[PDB]
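Starting off, we have a lone chain in the form deposited in one PDB entry, written out as structure tokens.
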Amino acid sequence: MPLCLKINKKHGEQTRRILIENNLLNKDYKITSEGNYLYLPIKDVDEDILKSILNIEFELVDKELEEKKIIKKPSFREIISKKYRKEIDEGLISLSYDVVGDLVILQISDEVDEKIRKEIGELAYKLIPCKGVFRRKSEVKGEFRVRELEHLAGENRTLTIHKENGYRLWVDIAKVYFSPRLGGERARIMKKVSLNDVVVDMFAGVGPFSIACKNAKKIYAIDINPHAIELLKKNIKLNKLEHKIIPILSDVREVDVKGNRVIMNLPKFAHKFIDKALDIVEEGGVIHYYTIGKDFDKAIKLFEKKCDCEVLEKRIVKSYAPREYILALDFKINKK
């Protein structure tokens, strides 16, 4: 209410933290000053209880509207649930989305008319710091582990530069696999690496795991996807790691390399490469293994039925599907 307290600049702040504290500060208008006076817009209540909640004198001057700019914009989650409640209650739109670089990717069901998907994309382009909005069009389809997309708003380019854990990376969300949600898992690995380790990243994609191991001596980044290597090379030079990370284009099975730290970032077919990974890792070395399952028992069983190994750590990385998870196990391979 225009009914705003009028004190002298001097005890401004002190007096303001009291008005807000007692929840009597009308925060929909700006504070103002004219000379040595301070005009705090208060809510309303006889200056008899105001003459008590504080001890300095004042007055109640009722002034016009100085308007207050809207601070924050609402949230994508906040709005889609109010505008599309029906389809949400139908599980036909996700309030979750991820951001790779400066591009966003939403999940909207095929039922949703082509014209509304665009209205949603156009509503996420407006409500989220980005330059483009897409939509998942399929699951991660084998081989190069790529996922079909669909443009919905903004710039129609699939290239961009994601920045995580102190390093930057070139990514093409259209021809190469990349997950901005796996940065936590890379930080995990980042700490385990050693100044003397030699790291073999069996399926390096664009190199997020490789660059993450910048503390090691040498690093081999292998990938069968030709589009992967390109970015990988660029990623290597962009991070000043040329005489450290060696990119190789090939089927990891055909690579004759050797190392003490091996990363197996291929959750679904990882089990079909244990043989190569053990053939790669030096004795005493460790194998970062990823897989999909409801418990660790099955992975532990494979490895054991193949070498004397010790499970250093074993944790749950993320939910993979209804009641299924992506698991991570760090095996110490001593002998075999």
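The numbering used is simple: start at 1 and walk along the sequence shown. Basically, rigid core = biggest C-alpha set you can superpose within 1.5 Å across the two forms.
Although it is not shown, the form deposited in another entry is what the next lines describe.
Novice: Would you mind telling me which residue of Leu38, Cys309, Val286, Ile274 shifts its Cα by 2 Å or more between the shown form and the other one when the core is superposed?
Specialist: Among the listed residues, the one whose C-alpha moves by 2 Å or more is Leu38.
Novice: Tell me whether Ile300 is among the residues that move between the shown form and the other one (Cα shift of 2 angstroms or more, core superposed).
Specialist: No, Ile300 moves less than 2 Å.
Novice: Once you line up the core, how about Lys237: does its CA shift reach 2 Å between the shown form and the other one?
Specialist: For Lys237, whose C-alpha is compared between the shown form and the other one after core superposition, the shift is less than 2 Å.
Novice: After superposing the rigid core, is the C-alpha displacement of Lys83 2 Å or more between the shown form and the other one?
Specialist: The answer is yes, as the C-alpha of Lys83 shifts between the shown form and the other one by 2 Å or more after core alignment.
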